[PDB]
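Below you'll find the structure, written out as C-alpha cells, and then a few comments.
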Amino acid sequence: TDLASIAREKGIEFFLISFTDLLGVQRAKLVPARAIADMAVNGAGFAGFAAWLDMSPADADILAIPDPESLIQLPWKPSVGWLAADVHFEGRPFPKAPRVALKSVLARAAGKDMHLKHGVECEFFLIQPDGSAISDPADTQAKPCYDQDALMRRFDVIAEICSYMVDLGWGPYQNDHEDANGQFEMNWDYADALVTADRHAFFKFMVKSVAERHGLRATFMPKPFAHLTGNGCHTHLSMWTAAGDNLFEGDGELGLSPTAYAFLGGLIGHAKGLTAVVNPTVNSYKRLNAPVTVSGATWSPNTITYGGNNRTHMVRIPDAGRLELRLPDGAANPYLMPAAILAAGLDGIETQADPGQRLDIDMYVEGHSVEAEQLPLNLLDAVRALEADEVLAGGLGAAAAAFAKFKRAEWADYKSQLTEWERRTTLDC
Amino acid sequence: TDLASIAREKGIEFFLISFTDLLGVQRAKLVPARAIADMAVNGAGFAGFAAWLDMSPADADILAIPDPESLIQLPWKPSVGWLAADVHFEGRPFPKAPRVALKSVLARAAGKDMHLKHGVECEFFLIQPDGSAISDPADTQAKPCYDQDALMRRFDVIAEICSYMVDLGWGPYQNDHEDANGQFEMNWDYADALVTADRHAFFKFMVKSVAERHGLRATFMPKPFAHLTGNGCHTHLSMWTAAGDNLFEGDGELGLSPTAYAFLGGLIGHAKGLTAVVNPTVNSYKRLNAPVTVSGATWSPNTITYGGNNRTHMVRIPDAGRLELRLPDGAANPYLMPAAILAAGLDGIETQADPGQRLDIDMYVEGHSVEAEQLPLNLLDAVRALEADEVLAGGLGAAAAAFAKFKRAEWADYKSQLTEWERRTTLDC
Amino acid sequence: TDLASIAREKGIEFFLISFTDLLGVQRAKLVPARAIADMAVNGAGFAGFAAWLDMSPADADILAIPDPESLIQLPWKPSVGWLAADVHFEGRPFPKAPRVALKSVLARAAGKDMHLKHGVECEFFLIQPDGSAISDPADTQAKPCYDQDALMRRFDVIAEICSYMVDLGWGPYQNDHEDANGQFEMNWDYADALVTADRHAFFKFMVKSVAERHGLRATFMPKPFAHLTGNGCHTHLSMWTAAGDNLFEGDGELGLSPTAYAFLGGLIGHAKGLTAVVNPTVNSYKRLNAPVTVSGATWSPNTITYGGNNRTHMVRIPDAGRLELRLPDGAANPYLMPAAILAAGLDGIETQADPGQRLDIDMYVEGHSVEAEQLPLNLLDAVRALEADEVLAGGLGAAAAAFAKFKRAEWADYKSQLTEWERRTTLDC
Ligand SMILES: Nc1ncnc2c1ncn2[C@@H]1O[C@H](COP(=O)(O)OP(=O)(O)CP(=O)(O)O)[C@@H](O)[C@H]1O
Ligand SMILES: Nc1ncnc2c1ncn2[C@@H]1O[C@H](COP(=O)(O)OP(=O)(O)CP(=O)(O)O)[C@@H](O)[C@H]1O
Ligand SMILES: Nc1ncnc2c1ncn2[C@@H]1O[C@H](COP(=O)(O)OP(=O)(O)CP(=O)(O)O)[C@@H](O)[C@H]1O
C-alpha cells in the first residue's frame, strides 16, 4: 500500500496519524500529504508522557507507525485520511499502548488457531452542545425505546452516518432509538477483532464529528443521566479457525460448543478484574448495579451470571455460536476491551473453566432468591480485582499496571470532590 | 531582482517594507507599486525613535533597505508583497537593528567556514479576540496534547496556513495540538539562519492575520494561562561548512562531534545572559521555573543542564548532528535569538568549552538529586547577567545595551503594578 | 502578678493569650478567667505548625507563656484582657518566635550595659470594609497631607483611639492626616524596646478593631495604592545605660556621639539584609524605590544613605541623641524589626563601622549626582542578602532562616500570578 500514491489518486491532502491511549483518548497528528511517506516508514513522533501512556517527559519520543490497511478518508471531509497506528518505543511495539496490547493477545490466540471476531453495540446519547440535557426536548415519555417520532426527528444525522458506514463497507443493518430518552444505537457487521477495534475507535470520532456538524453533541458516557438507562457497549463474541469454522458453534445447550462454554467460564471466573477494564470510569459504576430507571429496567448487569436469550445478566446467549458480554459500557477502550475479554476467554478454554448454571430468570426481580456473586461496586474495588488477577494483568502486559495506576488516581480525585448531596445530608450532623 | 517588473508580472499593487525592532515588533510601510523601485535602491525612511531602536527624535531618519530575495506575496492577499529589510543609519547598517545584528554574527562565523542552520518550533495558542480564554470552549481535558477532536475542530485555520507554507516552499511536515488546551504548533524545514529568521518573522504575522480572518486570535505569549503549559520556541541547531558537511555530526556520544559539544559548552557557559535574550519579557519568567501544570509537566527548562533525547533540560539532543535549545519562548526575537545563540556557541567552539555531564534523568522530579545551576529567576536577573557577559554583549554589538535598557524599564514598569494577589495577602499585615 | 486576682478586681472575664508569628500574624487563644492561673504558670498550648513558626505537625505543642506585665484590658471591651507571650518549645524559649528572638538580642546588648529604646510611627490607611478604596470619597486632592477637613471627618475614630492610648499610659501627643489620601498616623512616647514592641503589636490590633466598630477598615499594607505614598513605620532609636544616660547624645555632628555613628555604621553596612526583615513582603518593594507620587514625593528610601534632618534617605537624624530609620514599612514585624536593627547596630558598635558621609541633599532629585548604593529591588534579592549576612542571620538566630524560607516561597507564589499588565503588554509579542 503506497500512501503517497493513494493521496494523489484520492485527493487526500492531509493524513491524521492516530493512536488510542489508555483512557481511550484519540491522539493524532495532522501531516500534509508531502510528508506521509516518511511517516509511513518511520512513524510519527509523539512525546508519550503527554498522552495516557504512563511514560516520562525524559523519555525519547514514541513513534506511532500507521497501519496503511486502516486508512479511512473522512466521509464528511474526504481530503483528510485517518490512519490507526501502533505506538513503538525504542525500536519495538510499546506494550503499554492498547492497540499493541490487543495485537499481542490476538497473536497468542492465532498461534492456537483461534481467531477472535467481535461486533459492538455502541450506544450513545445526542445532547445539547453544553451537555446539560438531551438534544430533543420533545423526547420525554417514560418508555421511549424505539420511539418512531423521536427516531425520525434525528433522521438526518442518523441517516448520514449510516450511509457513511454503507460506503465504508462496514455493513450497517439497523438504527434504533434506545431505552433512554435521547439515546440511539447504530449496528454494523462483526469482523476480525482488530478490524472491529479500529472501526470502533473511528466510529466514536465519526459520530461526535457529525453530531457537531449538525449543532448537536454525542456522548458515550456510561451514565449521563441519573434516572435514565446508561450507555452500554454490548460485545458479541465468537472464535474461529483459520479454515473458517466457528468454534463456538456446537451441539451443547443453546447451540454452543464446550469451547464456547469454557470461554464463558473464563469470562465468569475473571469477571471482577474484567470489570476494571470494560467499566473503566468512576461513572461506569453508576450504570452497573443501578436503581431501576423510569423505563422500568436498567438493562445493565448487577451480578456475575449468564442466561439464555436474556438481557438481565452479565452474559447473554443470543443465538447459536456466539456470546454477548453485556458488561462493557461506552467508555470501554476499543482495544483494551477485546484484549481483556480475549485474555479471560483463553484462560477459560485452557483451564476448561465451568461457567456454572445458566439462570433463566429476570435477575432484576427474581435475583434476590438466588446465590449470585455481585459485580465490583466501584472503580476502586474493580481495580483492586484487576491487580489481583494474574491472568488478566499478565495477559495485558504492562498496560494493566499503568491502567490501574491511572484509574486509582481518578477514583481518588473523585473522592475529593465535595457533592451537593453530602452537604444537604451532613451539614446538620 | 527587479521588484518593479515582478510587481507588474505577479500583480503586486502594494509592498510592505518591513523590519523587526528590538522588541520583535514588526514595523512596516505600505508603498504603492509605482514607488517600489525608489525604495528598493534607496530604502524606506522611518523615524527610528518611534520604534524600539533606542534612538532620538532628533536623529535623521533610518532607511530600511528591503532584501529583494525575501519577497513574499501574502498568500491570503497576493496583491500585497512583504519584504524584510535591513535598517541603515547614516549610510551604513545600524547595529542596534536585530536583522543587521544577526547578519554581523553570521558573517564572523562564515569567515571561519561555519554556517548556522536552524529550525524553530513556534508554539502558539488560538484564543478569543478579547484574549480572555482559548478559542475552543470544548477543549478542556487535563491532558489535551495531540487531541484528535480539538485538532480537527481547528482544521480550517491550521490547514489553510499549512497549505500556504507548502506553496511558499518552506517544507511544512506536521501540525499538532500541543500540551496546553488551545495550543498548537506547525513545523517546517530548517534552513540557513537568515532564511529561517525571515520565515520566523513572517510566520508569526501570517498566523495572527489568518486567525483574525477566521474570527480568532493567535498569541505567542510565553505564559498566557497560569496553570497551562506555555509557548516555547524550541530551536534546532547545527553548523555547516560551505561544502555541505554538518560539523555537529560525529563519532562521539549520541552521534555528536567535539565541535558540537564545544558549541554546547558555549550555550551552557553563557546560559544566564542568553536567557535575557531568548526569554525577553517579564512574562517569560512565568514559563521558566513554573509550578507543575494540569498536564503533569511544564516541558520548559528550570536549570542550566542538558540531556539526551530528553525534554526536561535546557538543551536536548534529539538525534545525531544537532542540538535543540528549549530555553527560548514565543516572545524571542526571530533575529536576536539565533544571533545570541551563535555568539555563545562560537565562543564555546573557540574556547573548547566543556558542557559538563549529560543528565539522563527527569529534571522535574530529580532536580534536587543533583547539583545544577538554576536559570535566572526573573527578567532583572537575566538582564544583569547579559550586561555582565562580554562575549554576548560584544557579539550583539550595540543591540545588547539598547535591549538591556528597554528590558530594565519593562521590569520596573511591572514592579509598579499593584496586583490583586498582593492586596489579598497583605491588606491584613 | 496574680492574674486571677486581677481578673476578679478589674472584671476581666476572658484573657487573650497572644503571640506574634514570623509573618507578624497575631495568634491568640481565648481563655475564661477560671483558667488563667493554670495558663500563667504552665503556658497556653498551641500546635506550632499551624502558625508561621516553621515547625512540624508531628512536633509536640508549643507553650505560650504570658508576660503578666504586658496585660491590657481592651479599652473598647474591658472584660477581655490581652497578654503578649513567649513561645516555648520542649522546655526552652523557642528561638524562631519573634518576641523570644528580640529578647535574646536585648540580652546581649544589656550585658554590655546598652539598652535599646525606640518609638514607632505606624502609618495606616482607613479604607472601605471591602478594601477597594479609601473610606472617605471626599479626600481627593493632590497634596492631602495634614488636610484639616479630612482629618476632622475621621475625628471620632482617631479621637477614640488616642484617648485609649492616653488611658493606657502610652503618652500619645499627635494625630495627623499623612501624605496619601486616606492615610493617618498617631504617635506615642518611645520606651524600652520590649515595651514598644508589645505596644506596637497591640496598637495594630486596636486600630483595626476600632475601625471595624466604626464600619471602616484599617490597613498597614506597605503600598495599598499604586500612585499614592505608602505606609512607613519610621523607627526612632537610641541606646541607654542602665544608669539612664543616652549613649547617642554627643559632641559629634548634629549632637550625636561616636557610639551613635558606629551604630549608624552598622545600619548602613547591614542595610541590604536588614531590608528583608523590615520590608518583609513582596508589596514592600513597591513602596521602596517607587515612582514619584501624585503628592510630589514618595517619602520612602531608595538608597543606602543618611542625611541630617532630611526625609529623603534611609536614615534621618531628626535631632541630637537619636536616629530615625525610615526603611521599615507597615508590614514590619513589631519584634523582628527592632531585633534586626539592634543586631546590625551592635555589630556597628563592635567594629566601629563608618557610616560614610552625610548627604545634605534631596536624594529624589539627586540620586544621579552622587555614587550611592541602591536598596535591594525586590523581596528575592533582599532575602538573598539576608542569607549572605552572617552577623544579621547569626544575630537573629533560627528566626532568620525560617523567615527567609517563608519569604522565598511568597516571592515564588507572587511570580506565578498572571497580571493584567502582562496580558496587555505581551499578548501580541
Ligand atoms: N458469530 C458472531 N460473532 C461475533 N459477532 C457476531 C456474530 N454474529 C453476529 N455478530 C454481531 O453481533 C452484533 C449484534 O448482532 P445482532 O443485532 O444480531 O444481535 P442482537 O439482535 O442481540 C442486537 P440488538 O438487541 O441491538 O438488536 C452485530 O455487530 C453482529 O454483527
Ligand atoms: N541538522 C539540523 N539542524 C537544524 N535544524 C534541524 C536539523 N535537522 C532538522 N532540523 C529541524 O528541527 C526542527 C524540528 O525537527 P523535528 O520535528 O525532527 O524534531 P523533534 O521531533 O524533536 C520536533 P517535535 O517534538 O515537535 O515533534 C525542524 O524545523 C527541523 O527541520
Ligand atoms: N531618644 C529617643 N529614642 C528613641 N525614640 C525617641 C527618642 N526621642 C523621641 N523618640 C520617639 O520618636 C518618635 C517620634 O518622635 P517625634 O514626633 O519627636 O519626631 P518627628 O517630629 O521627626 C515625628 P513626625 O514627622 O511624624 O512629626 C516618638 O515615638 C518619640 O517618642
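Residues in the C-alpha cells are numbered from 1 in each chain, the chains being A, B, ... in the order shown, and ligands are numbered from 1 in the order shown.
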Could you write out as a CSV table (one decimal) with N, CA, C and O atoms, in the first residue's frame the residues of chain B within 9 Å of chain C, counting only C-alpha atoms?
chain,number,residue,atom,x,y,z
B,23,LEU,N,12.2,44.8,20.2
B,23,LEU,CA,11.1,44.1,21.0
B,23,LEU,C,10.4,43.0,20.1
B,23,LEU,O,9.4,42.4,20.5
B,24,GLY,N,10.9,42.8,18.9
B,24,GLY,CA,10.3,41.9,18.0
B,24,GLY,C,9.1,42.4,17.2
B,24,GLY,O,8.4,41.7,16.4
B,25,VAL,N,8.8,43.7,17.4
B,25,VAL,CA,7.6,44.3,16.8
B,25,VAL,C,7.9,44.5,15.3
B,25,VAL,O,9.0,44.9,14.9
B,131,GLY,N,-8.9,38.0,24.1
B,131,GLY,CA,-7.8,37.4,24.8
B,131,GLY,C,-8.0,36.7,26.1
B,131,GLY,O,-7.1,36.2,26.7
B,208,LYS,N,-1.2,35.2,12.9
B,208,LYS,CA,-2.1,36.1,13.5
B,208,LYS,C,-3.1,36.7,12.5
B,208,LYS,O,-4.3,36.8,12.8
B,218,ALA,N,-4.4,34.7,17.6
B,218,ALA,CA,-3.3,33.8,17.9
B,218,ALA,C,-2.3,34.6,18.8
B,218,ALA,O,-2.1,35.8,18.6
B,219,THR,N,-1.8,33.9,19.8
B,219,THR,CA,-0.8,34.6,20.7
B,219,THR,C,0.4,33.7,20.8
B,219,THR,O,0.3,32.4,21.0
B,220,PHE,N,1.6,34.3,20.8
B,220,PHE,CA,2.9,33.6,21.0
B,220,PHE,C,3.4,34.0,22.5
B,220,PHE,O,4.5,33.7,22.8
B,221,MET,N,2.5,34.5,23.3
B,221,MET,CA,2.8,34.9,24.6
B,221,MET,C,3.4,33.7,25.4
B,221,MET,O,3.0,32.6,25.3
B,222,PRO,N,4.5,33.9,26.1
B,222,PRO,CA,5.2,32.8,26.8
B,222,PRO,C,4.3,32.0,27.8
B,222,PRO,O,4.4,30.8,27.8
B,223,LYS,N,3.5,32.8,28.5
B,223,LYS,CA,2.7,32.1,29.6
B,223,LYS,C,1.4,32.8,29.7
B,223,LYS,O,1.2,33.6,30.6
B,224,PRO,N,0.4,32.5,28.7
B,224,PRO,CA,-0.8,33.2,28.7
B,224,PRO,C,-1.8,32.7,29.7
B,224,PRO,O,-2.8,33.4,30.0
B,225,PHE,N,-1.6,31.5,30.2
B,225,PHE,CA,-2.5,30.9,31.2
B,225,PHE,C,-1.7,30.3,32.4
B,225,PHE,O,-0.8,29.5,32.2
B,226,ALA,N,-2.1,30.7,33.6
B,226,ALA,CA,-1.3,30.4,34.8
B,226,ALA,C,-1.0,29.0,35.0
B,226,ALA,O,0.1,28.6,35.5
B,227,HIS,N,-1.9,28.1,34.7
B,227,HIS,CA,-1.8,26.7,35.1
B,227,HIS,C,-1.6,25.7,33.9
B,227,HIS,O,-1.6,24.5,34.0
B,281,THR,N,10.9,38.8,28.1
B,281,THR,CA,9.8,39.5,28.7
B,281,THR,C,9.6,39.2,30.2
B,281,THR,O,10.1,38.1,30.6
B,282,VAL,N,8.9,40.0,30.9
B,282,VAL,CA,8.6,39.7,32.3
B,282,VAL,C,7.9,38.3,32.4
B,282,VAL,O,8.2,37.4,33.2
B,283,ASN,N,6.9,38.2,31.5
B,283,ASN,CA,6.1,37.0,31.5
B,283,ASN,C,6.8,35.7,31.1
B,283,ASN,O,6.4,34.6,31.5
B,285,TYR,N,9.3,34.6,32.5
B,285,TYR,CA,9.8,34.0,33.7
B,285,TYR,C,8.8,33.3,34.5
B,285,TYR,O,9.0,32.7,35.5
B,286,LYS,N,7.5,33.4,34.0
B,286,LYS,CA,6.4,32.6,34.5
B,286,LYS,C,6.4,31.3,33.7
B,286,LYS,O,5.8,30.3,34.2
B,287,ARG,N,7.0,31.2,32.5
B,287,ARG,CA,7.1,29.9,31.8
B,287,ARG,C,8.3,29.1,32.4
B,287,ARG,O,8.2,27.9,32.6
B,290,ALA,N,8.4,27.1,36.3
B,290,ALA,CA,7.0,27.2,36.6
B,290,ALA,C,6.5,26.0,37.5
B,290,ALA,O,7.1,24.9,37.3
B,291,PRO,N,5.5,26.2,38.3
B,291,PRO,CA,5.0,25.0,39.0
B,291,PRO,C,4.3,24.1,38.0
B,291,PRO,O,3.9,24.5,37.0
B,330,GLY,N,8.0,32.0,23.0
B,330,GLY,CA,7.4,32.6,21.9
B,330,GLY,C,7.6,34.1,21.7
B,330,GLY,O,7.3,34.7,20.7
B,331,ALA,N,8.1,34.8,22.7
B,331,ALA,CA,8.5,36.2,22.6
B,331,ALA,C,9.9,36.4,22.0
B,331,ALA,O,10.2,37.5,21.7
B,332,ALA,N,10.7,35.3,21.9
B,332,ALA,CA,12.1,35.5,21.4
B,332,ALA,C,12.1,36.2,20.1
B,332,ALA,O,11.5,35.8,19.1
B,378,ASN,N,14.2,35.8,37.0
B,378,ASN,CA,13.3,37.0,36.6
B,378,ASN,C,14.1,37.8,35.6
B,378,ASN,O,15.3,37.7,35.4
B,414,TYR,N,6.6,46.8,35.4
B,414,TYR,CA,5.9,45.6,36.0
B,414,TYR,C,5.9,45.7,37.5
B,414,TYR,O,4.8,45.5,38.2
B,415,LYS,N,7.0,46.1,38.1
B,415,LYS,CA,7.1,46.2,39.6
B,415,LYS,C,6.1,47.2,40.1
B,415,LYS,O,5.5,47.0,41.2
B,416,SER,N,5.8,48.3,39.4
B,416,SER,CA,5.0,49.3,39.9
B,416,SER,C,3.5,49.0,39.8
B,416,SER,O,2.7,49.7,40.3
B,417,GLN,N,3.2,47.8,39.2
B,417,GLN,CA,1.8,47.4,39.1
B,417,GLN,C,1.3,46.7,40.4
B,417,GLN,O,1.9,45.7,40.8
B,418,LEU,N,0.2,47.2,41.0
B,418,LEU,CA,-0.4,46.6,42.1
B,418,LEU,C,-1.2,45.4,41.7
B,418,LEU,O,-2.1,45.5,40.8
B,419,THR,N,-1.0,44.2,42.3
B,419,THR,CA,-1.7,43.0,41.9
B,419,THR,C,-2.7,42.6,42.9
B,419,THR,O,-2.6,43.0,44.1
B,420,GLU,N,-3.8,41.9,42.5
B,420,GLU,CA,-4.8,41.5,43.4
B,420,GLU,C,-4.3,40.5,44.4
B,420,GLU,O,-4.8,40.5,45.6
B,421,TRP,N,-3.3,39.8,44.1
B,421,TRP,CA,-2.7,38.8,45.0
B,421,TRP,C,-2.1,39.6,46.2
B,421,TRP,O,-2.3,39.2,47.3
B,422,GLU,N,-1.4,40.7,45.9
B,422,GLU,CA,-0.7,41.4,47.0
B,422,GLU,C,-1.8,42.0,47.9
B,422,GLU,O,-1.6,41.9,49.1
B,423,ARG,N,-2.9,42.5,47.4
B,423,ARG,CA,-3.9,43.1,48.3
B,423,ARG,C,-4.5,42.0,49.1
B,423,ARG,O,-4.7,42.1,50.3
B,426,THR,N,-1.8,40.9,51.7
B,426,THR,CA,-1.1,42.0,52.5
B,426,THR,C,-1.9,43.0,53.2
B,426,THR,O,-1.5,43.7,54.1
B,427,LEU,N,-3.2,43.2,52.8
B,427,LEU,CA,-4.1,44.2,53.4
B,427,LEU,C,-4.1,44.0,54.9
B,427,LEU,O,-4.2,45.0,55.7
B,428,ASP,N,-4.0,42.8,55.4
B,428,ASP,CA,-4.1,42.5,56.8
B,428,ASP,C,-2.8,42.3,57.6
B,428,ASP,O,-2.7,41.8,58.7
B,429,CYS,N,-1.7,42.8,56.9
B,429,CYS,CA,-0.4,42.7,57.6
B,429,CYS,C,-0.4,43.5,58.9
B,429,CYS,O,0.6,43.3,59.7
Quiz item: Hey, what's within 12 Å of residue 358 (chain A) if we count only C-alpha atoms and toss same-chain stuff fewer than 5 positions away? As a PyMOL selection string, please?
Solution: chain A and resi 253-254+261+264-265+268+304-310+313-317+363+372
Would you mind exporting the chosen residues as a compact mmCIF listing (two decimals), in the first residue's frame, restricted to N, CA, C and O atoms?
# COMPACT_ATOMS: atom_id res chain seq x y z
N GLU A 253 -26.09 -27.11 24.98
CA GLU A 253 -27.25 -26.26 25.22
C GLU A 253 -27.20 -24.98 24.38
O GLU A 253 -26.14 -24.37 24.22
N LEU A 254 -28.35 -24.60 23.83
CA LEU A 254 -28.47 -23.35 23.07
C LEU A 254 -27.55 -23.27 21.85
O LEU A 254 -27.30 -22.19 21.32
N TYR A 261 -18.45 -22.75 26.06
CA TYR A 261 -18.77 -22.70 27.49
C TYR A 261 -17.54 -22.49 28.35
O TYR A 261 -17.62 -21.87 29.41
N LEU A 264 -16.69 -18.83 28.08
CA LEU A 264 -17.60 -18.21 29.03
C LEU A 264 -17.14 -18.46 30.47
O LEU A 264 -17.22 -17.57 31.32
N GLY A 265 -16.68 -19.67 30.74
CA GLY A 265 -16.21 -19.99 32.08
C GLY A 265 -15.11 -19.03 32.50
O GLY A 265 -15.02 -18.64 33.66
N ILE A 268 -16.65 -15.57 33.30
CA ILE A 268 -17.25 -15.64 34.62
C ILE A 268 -16.17 -15.65 35.70
O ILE A 268 -16.23 -14.86 36.65
N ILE A 304 -22.55 -11.51 38.53
CA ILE A 304 -21.67 -12.28 37.67
C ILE A 304 -22.40 -13.56 37.31
O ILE A 304 -22.24 -14.59 37.97
N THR A 305 -23.21 -13.48 36.27
CA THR A 305 -24.10 -14.58 35.91
C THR A 305 -24.32 -14.56 34.41
O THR A 305 -24.01 -13.56 33.74
N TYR A 306 -24.86 -15.66 33.88
CA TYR A 306 -25.24 -15.71 32.48
C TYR A 306 -26.62 -16.33 32.31
O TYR A 306 -27.10 -17.09 33.17
N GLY A 307 -27.27 -16.00 31.19
CA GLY A 307 -28.59 -16.52 30.87
C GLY A 307 -28.64 -17.02 29.44
O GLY A 307 -27.60 -17.13 28.79
N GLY A 308 -29.83 -17.37 28.97
CA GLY A 308 -30.04 -17.68 27.57
C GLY A 308 -30.24 -16.38 26.81
O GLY A 308 -29.42 -15.46 26.93
N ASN A 309 -31.33 -16.29 26.06
CA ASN A 309 -31.68 -15.05 25.36
C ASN A 309 -32.36 -14.11 26.35
O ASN A 309 -33.57 -13.96 26.34
N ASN A 310 -31.54 -13.48 27.19
CA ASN A 310 -31.97 -12.88 28.44
C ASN A 310 -31.06 -11.69 28.72
O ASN A 310 -29.86 -11.85 28.89
N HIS A 313 -28.57 -10.33 32.55
CA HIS A 313 -27.34 -10.92 33.06
C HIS A 313 -26.06 -10.24 32.57
O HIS A 313 -26.10 -9.34 31.73
N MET A 314 -24.92 -10.69 33.11
CA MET A 314 -23.62 -10.21 32.64
C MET A 314 -23.37 -10.72 31.24
O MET A 314 -22.80 -10.02 30.40
N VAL A 315 -23.78 -11.96 30.98
CA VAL A 315 -23.63 -12.54 29.65
C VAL A 315 -24.97 -13.05 29.16
O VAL A 315 -25.76 -13.63 29.91
N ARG A 316 -25.24 -12.79 27.89
CA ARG A 316 -26.45 -13.27 27.26
C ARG A 316 -26.03 -14.17 26.11
O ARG A 316 -25.02 -13.90 25.45
N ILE A 317 -26.77 -15.25 25.89
CA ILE A 317 -26.53 -16.10 24.73
C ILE A 317 -27.66 -15.85 23.75
O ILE A 317 -28.76 -16.39 23.91
N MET A 363 -33.03 -11.33 36.56
CA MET A 363 -32.15 -11.05 37.68
C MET A 363 -32.56 -9.81 38.45
O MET A 363 -32.30 -9.69 39.65
N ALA A 372 -25.88 -15.46 43.77
CA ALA A 372 -25.14 -14.93 42.63
C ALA A 372 -24.14 -13.89 43.10
O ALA A 372 -24.48 -13.02 43.92
Self-check item: Close residues, residue 364 (chain A) itself excluded, 10 Å, only C-alpha atoms, min 6 positions apart in chain, as a PyMOL selection string
Solution: chain A and resi 289+291-292+297-303+312-313
Quiz prompt | All residues 8 Å or closer to region 39-54 of chain B, only C-alpha atoms, same chain fewer than 5 positions away omitted, as a VMD selection string | solution = chain B and resid 3 17 21 to 23 25 27 29 59 to 66 68 96 to 97 402
Deliver the residues from the most recent selection as a file, using N, CA and C atoms, as a tab-separated table (two decimals), in the first residue's frame.
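Saved as result35.tsv:
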chain	number	residue	atom	x	y	z
B	3	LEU	N	12.10	44.30	-8.60
B	3	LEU	CA	10.81	44.37	-7.91
B	3	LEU	C	9.71	45.04	-8.74
B	17	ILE	N	7.20	47.18	3.23
B	17	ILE	CA	8.62	47.19	3.53
B	17	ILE	C	8.73	47.16	5.03
B	21	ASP	N	11.96	45.32	15.16
B	21	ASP	CA	12.71	46.11	16.14
B	21	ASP	C	13.19	45.27	17.32
B	22	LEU	N	13.79	45.93	18.31
B	22	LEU	CA	14.43	45.22	19.42
B	22	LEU	C	13.43	44.40	20.24
B	23	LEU	N	12.15	44.80	20.22
B	23	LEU	CA	11.13	44.06	20.95
B	23	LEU	C	10.41	43.04	20.09
B	25	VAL	N	8.80	43.69	17.44
B	25	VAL	CA	7.65	44.30	16.78
B	25	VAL	C	7.92	44.46	15.29
B	27	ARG	N	7.57	46.34	12.08
B	27	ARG	CA	7.31	47.69	11.64
B	27	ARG	C	7.28	47.69	10.13
B	29	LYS	N	5.87	49.79	6.27
B	29	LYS	CA	5.36	50.91	5.50
B	29	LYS	C	4.71	50.31	4.26
B	59	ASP	N	17.32	62.46	15.68
B	59	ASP	CA	18.12	61.75	14.67
B	59	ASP	C	17.53	61.85	13.28
B	60	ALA	N	18.41	61.83	12.28
B	60	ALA	CA	17.97	61.68	10.89
B	60	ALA	C	17.22	60.35	10.79
B	61	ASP	N	16.35	60.23	9.79
B	61	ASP	CA	15.59	59.01	9.59
B	61	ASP	C	16.52	57.84	9.35
B	62	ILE	N	16.12	56.65	9.79
B	62	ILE	CA	16.75	55.43	9.30
B	62	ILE	C	16.16	55.12	7.94
B	63	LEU	N	16.90	54.35	7.15
B	63	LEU	CA	16.42	53.88	5.86
B	63	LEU	C	16.43	52.36	5.86
B	64	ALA	N	15.25	51.77	5.74
B	64	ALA	CA	15.11	50.32	5.70
B	64	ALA	C	15.23	49.84	4.26
B	65	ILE	N	16.33	49.17	3.95
B	65	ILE	CA	16.59	48.72	2.59
B	65	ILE	C	16.09	47.29	2.44
B	66	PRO	N	15.10	47.08	1.57
B	66	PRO	CA	14.49	45.75	1.53
B	66	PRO	C	15.42	44.72	0.90
B	68	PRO	N	15.46	41.95	-1.53
B	68	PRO	CA	14.54	41.50	-2.58
B	68	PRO	C	14.32	39.99	-2.59
B	96	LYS	N	22.08	48.39	16.07
B	96	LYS	CA	21.01	48.16	17.04
B	96	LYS	C	19.80	47.43	16.43
B	97	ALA	N	19.77	47.31	15.10
B	97	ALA	CA	18.69	46.58	14.44
B	97	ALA	C	18.98	45.08	14.42
B	402	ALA	N	21.16	48.43	24.23
B	402	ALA	CA	19.85	49.01	23.99
B	402	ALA	C	18.75	48.09	24.52
Exercise. Give me the residues within 12 Å of residue 243 (chain A) as number ranges by chain, counting only C-alpha atoms and dropping any in the same chain fewer than 6 places off.
Key: A: 113-115
I need the chosen residues saved as a JSON list (two decimals), in the first residue's frame, with C-alpha atoms.
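As written to disk, again_27.json reads:
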[["chain", "number", "residue", "atom", "x", "y", "z"],
["A", 113, "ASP", "CA", -5.66, -21.32, 15.51],
["A", 114, "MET", "CA", -8.29, -19.38, 17.46],
["A", 115, "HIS", "CA", -9.30, -16.09, 15.87]]
Practice problem: Return as a ChimeraX atom specification the residues of protein, DNA or RNA that approach ligand 2 to within 9 Å, with only C-alpha atoms and all ligand atoms taken into account. | Solution: /A:44-47,61 /B:116-121,171-176,178,185-192,234-240,246,248-249,309,311,316-324
Quiz item: From the list A:164, A:14, A:170, A:335, which residue is nearest ligand 1 when using only C-alpha atoms and all ligand atoms?
Solution: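 Under the stated criterion, the closest residue is A:170.
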Quiz item: Which distance in Å separates CA of residue 106 (chain B) and CA of residue 245 (chain B), to one decimal?
Solution: 17.1 Å
Quiz item: Could you pull out the alpha helix (DSSP H) residues of region 260-373 of chain A from DSSP and send them as a ChimeraX atom specification?
Solution: /A:260-269,271-278,284-287,336-350
Practice problem: as a ChimeraX atom specification, list the residues of region 1-115 of chain A assigned to strand (DSSP E or B) by DSSP on the backbone atoms of this structure. | Solution: /A:14-20,26-32,44-46,62-66,72-73,80-89,92-93,115
Quiz item: What lies within 10 Å of region 385-394 of chain B using only C-alpha atoms, ignoring chain neighbours under 3 positions off, as JSON, numbers by chain?
Solution: {"B": [270, 271, 272, 273, 274, 275, 276, 277, 339, 340, 341, 342, 343, 344, 346, 347, 376, 379, 380, 381, 382, 397, 398, 399, 400, 401, 403, 404, 405]}
Quiz prompt | Atomic distance CA of residue 36 (chain B) - CA of residue 4 (chain B), expressed in Å with one decimal | solution =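 Result for CA of residue 36 (chain B) versus CA of residue 4 (chain B): 6.2 Å, one decimal.
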